[PDB]
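Next up: a single chain in structure tokens, the form deposited in one PDB entry.
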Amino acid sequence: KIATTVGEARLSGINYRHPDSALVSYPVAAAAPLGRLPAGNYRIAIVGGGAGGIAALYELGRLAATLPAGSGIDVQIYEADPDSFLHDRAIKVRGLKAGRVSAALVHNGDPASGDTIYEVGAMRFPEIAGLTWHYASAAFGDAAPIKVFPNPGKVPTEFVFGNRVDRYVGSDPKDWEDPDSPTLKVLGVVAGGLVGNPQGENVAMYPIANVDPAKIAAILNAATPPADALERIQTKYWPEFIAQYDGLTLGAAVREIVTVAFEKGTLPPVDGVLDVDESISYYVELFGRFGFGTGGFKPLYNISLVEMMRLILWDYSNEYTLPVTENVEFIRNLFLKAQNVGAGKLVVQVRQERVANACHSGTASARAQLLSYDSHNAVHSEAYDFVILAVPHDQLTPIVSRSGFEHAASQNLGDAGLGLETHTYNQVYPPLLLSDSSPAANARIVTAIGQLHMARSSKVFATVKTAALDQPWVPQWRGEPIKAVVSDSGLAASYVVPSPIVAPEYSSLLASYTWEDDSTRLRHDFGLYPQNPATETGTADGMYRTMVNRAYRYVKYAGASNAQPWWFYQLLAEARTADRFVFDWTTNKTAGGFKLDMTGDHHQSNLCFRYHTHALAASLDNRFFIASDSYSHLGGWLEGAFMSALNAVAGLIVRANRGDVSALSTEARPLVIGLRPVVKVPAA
């Protein structure tokens, strides 16, 4: 049952279809090239060298290899991040970023002989992330070993909320220190109420298709689902769930579930003095700090229930590592494999330039324009046949939103407010061109993008000797030291991760991994933004000491009468002075970590997810596609960036074929035709 290789994870998730794209398994769509292109010499730009852009490049490579003699694809990849791996062909980050897949290498002067790696962005990969594992197989092979990510509960864990402490491993109460824990009771109540049972009676509060979500998850993952089930999910049942529940937050749903359980007597008054509403509140907030398997989702309580349900269906918490020292190696290997698969028909050039503007203009074949600035702030203008905008939404906004929403005789585009040179474009149309006649339709996609929610996130790291865990002051549970701590201290979630450069001498002490308001509460103490230290030779000691100080709390345990300062204070203080670190995604140019949908946001994110269907309108001459986890129903996952890239390339194939969906492979067609189109075109 535990996957031990890339191939075992890959095969576990190969069939899984997400509910907003329930007709199609993306890994099955990706098994062969996505389609065919007419003979030609295509000039394509990819803006962004992260997971989205690089997956898109790989699929373009697969398409290029199918082109006849004399034809080919030339791709210009724009990548503004000076630390990207694409520009590299104590704490080091240079060359160790692929967007939000971002490593920091801790070393003592020789980066080839390092101590540990801080995984600053992506770090844990669901088993049924089928497209992720599909690409991991392309990058590494099916035989490459993987490990269980050491989430809370997967290793011995301490949980602290208010007066409550729990030490546990797993969900078997035999392996909880207090089998009568209220935490365990609330967890069962919330699981019953949200997920329900895969067999038998339906007990969940928020059914899909009048059944528990556990039953729908099994259908979505089936090799051979019942006839019509996937269509009915896609067109009826999941839309009905959204109609009912997209206006309900995760926090509101947890409180409804808790309230019913408290009324029934399943959850008792917290002790003899708490009133009704206070007891209900305590349980809601207790569950909030505990979570679903990856730490407290209290900070994520404003997400739509729809968004949580996507993660429930996916079994999101059951996560693995990649077969790497640094996760960036996955994206770097995919980039190299893209060039190999192109078979010499794909040529790639990297531009260390920031794109400022996209538009359609002029009367040439190559009408998709990109205006960029290089590292000397010099302007460049380049025209393309097709462009894939592979950047998340706040980075995309300035590129797409400043050209208005209809034809313009001329525009002087660029970063004029910065004092940078502009370029005059003539006969201009917006880049995200949903209509030649309706400014509102053009506005809808732009405004949607600009109002997606980027979740805030920060990570505080230090380097500690792994042997620190063996000290008598670190608790042991079930034969191993505590290596995950979930708490209301302000740190939120903390992990003591063995170094992947190796039992290793060192561990990465992820002292605090925060989301949303948990991150906001810390931000004043970070000192430098987005990264402290901002240099390779510094250490964020002052910042880190503020985190240590949040851990300076008197904690009463059942095992001792006199409360002492929390042991975790001592462990955080055991970290070495050098190489203390924080990265704040919020103050990075991404304006946060990743998209999570609020109530009502489905309508915006889904528009983005379906945007590539514009290629069905042959009379619309739109050359731009979008490729990021921002434009998916899995913001915060490689799987979402990869899904979005698959969408983008499928749309581009249809556009290149002037609206002919038959140019997509049989298995890839549903990527376009299984969605509600964003343009109205005739049936069939």
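Rigid core here is just the name for the largest C-alpha set that superposes within 1.5 Å across the two forms. Note that residue numbering follows the sequence shown and begins at 1.
What comes next is about the form deposited in another entry, which is not displayed.
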Rigid-core superposed between this form and the one not shown, candidates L96, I445, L313, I399; the one over the 2 Å C-alpha cutoff or at it is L96
Core aligned, does the CA of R255 move at least 2 Å between this form and the one not shown?
no
After the core is matched up, is the C-alpha of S113 off by 2 Å or more between this form and the one not shown?
yes
How about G193 - superposed on the rigid core, does its CA move between this form and the one not shown by 2 Å or more?
no
Compared with this form, is the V254-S317 Cα separation smaller or larger in that other deposited form, the difference being 3 Å or more?
farther
Closer or farther in that other deposited form, the Cα atoms of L334 and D110, when the shift from this form is 3 Å or more
farther
